[PDB]
Structures are given as structure tokens and as C-alpha cells.
């Protein structure tokens, strides 16, 4: 069972956005579905639901008349048309399946982030974080990259295109007084494998159509 949401991004207050969720691994038309949202660092709030039968729908008090949930069974897809967006609608929106056999929502997607703001889109600068000269006692150095000055969230980072996961820490973004985010991603590496191993950091900032691959190097 897989639920994959898309369509999130930055929208002006009063603007509109359409979210999609592509389902697979089950007979989509047999299931009720809902959207549930999570404001950054906060809890879970139900948004809207649609039955398997008759296009019957239900909305939370906060979105009545502004959001419309729908489904296209032919395309195994759930939608949320969001109109007259407000700042308080900023959140990660999840597609969620209702399991009639257990009487409970079961599977959640990965979520798509909606940011409602008057601030402008900006893509990040990506910088290598360069191993220190010399310097290290135990034969392990640290490397990373600084992803600086972007808006809105989110940014993703991976290493050697997914090959390199062990030792990787990607920090939560911090919001600067400028209103722009900055984050770092780092990785611990044996001072040994310098000069032989290749470290490429792969940074996506989809809201700005930014997609950078960056190899890192000492001095």
C-alpha cells in the first residue's frame, strides 16, 4: 500500500492550490479516504473525507466552503482543491486511507507541504563544508554542505544519490531573521577514504525548481 502526495508549495494569502495523492497497492475505489494536516512542530488535524460511495464528503469547520475534496477512481487519485487560503492553512497535508475492515484510518502518505505567505520564493546557495586541516586524532573527519537562504520549506538532501546513508545527519532548518531558512547536512567519514571516495551532496528545493549536485573537497 502506497500513497504519494504532490502539489504543495507557496501560495499568496487568498490564493488557490490543488493537491493530488496517487494511490497504489490496493483497490482504491473500495476505500474511503481523507486528508489530515500537521502544522510544523504541531499536532494532527483532520481536514476532509470522501466515501468510497456516491462522492459523499465531509469537511472540518475551519475549511468549510474553501476546500473541496474529490477523487478520480480511474486514475487512482485523491484531490484537494484549496481556495481562499489563509496563513493558518500552512501545514504538511497527508493523504490517509480509511480501513473499513478495522474501523480505523490506517495508511498515511509522506505528506506535501503547503505554505501560505506573502514572502517571495528563493532558491538556496549550496556550500561545501570542508574537512579541517589537519587535524584529527582517531582517523575520522566530518564533511557536509550548508544549504543557505531559501524559502519556503522544504529542502531535501541525500548523498551519492542515495548510496550513502550511514553517518548522515541532515539538520532541521532554522529560520533566519531575514525570513529565509538555512540548514546543513553532514556526514562522518574516515580520514582514510579521502582522495579515493567521492562525496556528492544532492540538494533539491522543489519550490524554486532548484536541483544541485555538489562534490565536496578539502581546501
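Residue numbers count along the first chain shown, from 1.
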Looking at the deposited entry, does 78-86 or 122-130 carry the larger mean Cα B-factor?
122-130
Comparing average C-alpha B factors as deposited, tell me which of 96-104 and 131-139 sits higher.
131-139
With respect to the C-alpha temperature factors reported in the PDB entry, which of 15, 195, 25, 9 ranks highest?
195
Criterion, highest CA B-factor; candidates, 189, 33, 186, 63
189
Chain-relative C-alpha B factor for residue 147 (record values, thirds): the middle
How does residue 161 rank on Cα B-factor within its chain, lowest, middle or highest third?
highest
Of the three thirds of Cα B-factor ranks in this chain, residue 173 occupies the middle
Select lowest, middle or highest to describe the third in which the CA B-factor of residue 208 falls within its chain in this entry.
middle
